[PDB]
Amino acid sequence: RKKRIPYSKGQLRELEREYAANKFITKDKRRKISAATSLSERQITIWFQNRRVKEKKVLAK
DNA sequence: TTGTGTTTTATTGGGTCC
DNA sequence: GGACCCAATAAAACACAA
């Protein structure tokens, strides 16, 4: 039960930018986002997974 | 400024790939 | 084959009606 740490503005900007380019992260873009954000590749994957739940939820209104 | 519904991280679990 | 996906869920933090 180790507790969540919200992502900074600069971190979210990199994630959002890449998401807008492709909803599904690739291995190489995951590596590069990790370098650019200091988030682990796992965190990034989880973020994309999470981000598609959000889009799904917001279309549905 | 505050209460609390909403949103954001993070885990767990089932399915495909197979 | 762990690596992907997505759904249900919890807890921390946020957003914004009062």
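Every chain is numbered from 1, with letters handed out A, B, ... down the list of sequences. In what follows, every heavy atom counts, from backbone to side chain, and hydrogens, waters and symmetry copies are set aside.
We find the CD1-OG distance between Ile44(A) and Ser34(A) to be 4.5 Å, quoted to the nearest 0.5 Å. Here the CD-NZ distance, from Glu18(A) to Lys32(A), works out to 5.5 Å after rounding to the nearest 0.5 Å. Rounded to the nearest 0.5 Å, atoms CD1 (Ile25(A)) and CD1 (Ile33(A)) are 3.5 Å apart. Remark: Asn50(A) CG to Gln43(A) CD distance equals 11.5 Å, nearest 0.5 Å. The CD atom of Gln49(A) lies 10.5 Å from the CZ atom of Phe24(A); values are rounded to the nearest 0.5 Å.
Within 6.0 Å of atom CG in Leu59(A), more than 12 heavy atoms from other residues, nucleotides or ligands are found, so the atom counts as buried in its surroundings.
The NZ atom of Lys9(A) sits 11 Å away from the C1' atom of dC14(C) (whole-angstrom rounding). Here the P atom of nucleotide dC14(C) and the NZ atom of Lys3(A) are 12 Å apart, to the nearest Å. Rounded to whole Å, the distance from CZ on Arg4(A) to P on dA12(C) is 9 Å. Atom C1' of nucleotide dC4(C) and atom CD of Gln49(A) are separated by 9 Å, given to the nearest angstrom. Rounded to an integer number of Å, the gap from CD1 of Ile46(A) to P of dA10(B) is 7 Å.
Between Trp47(A) and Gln11(A), every side-chain heavy-atom pair lies at or beyond the 4.5 Å cut-off. Inter-residue side-chain proximity for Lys27(A) and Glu41(A) is flagged as unmet; no heavy-atom pair is nearer than 4.5 Å.
Contact check of residues 50-61 of chain A against DNA chain B (heavy atom, cut-off under 4.0 Å) returns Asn50(A), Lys54(A), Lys57(A). Annotation: proximity of residues 22-45 of chain A to DNA chain B (heavy atom, distance under 4.0 Å) is found for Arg42(A), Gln43(A), numbered in ascending order.
Taking atom P on both nucleotides, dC17(B) is separated from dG13(B) by 23 Å, rounded to a whole Å.
Stretches of at least 3 consecutive Watson-Crick or G-U wobble pairs, with each checked distance under 3.5 Å, appear in DNA chain B as B:3-16 with C:3-16.
Residue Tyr7(A) places none of its side-chain N or O atoms closer than 4.0 Å to OP1 or OP2 of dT7(B).
Using a 4.0 Å cut-off between a side-chain N of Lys or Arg and a carboxylate O of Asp or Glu, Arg17(A) and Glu14(A) qualify as a salt bridge.
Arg30(A) places no side-chain N or O within donor-acceptor distance of the main-chain N or O of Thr45(A), the cut-off being under 3.5 Å.
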- prompt: Going through the checks in order, is the salt bridge (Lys or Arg N to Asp or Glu O under 4.0 Å) test met by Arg51(A) and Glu16(A)?
  reply: CA-CA 9 Å; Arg51(A) 185 61 181 84; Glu16(A) 295 293 357; 3.1 Å; yes

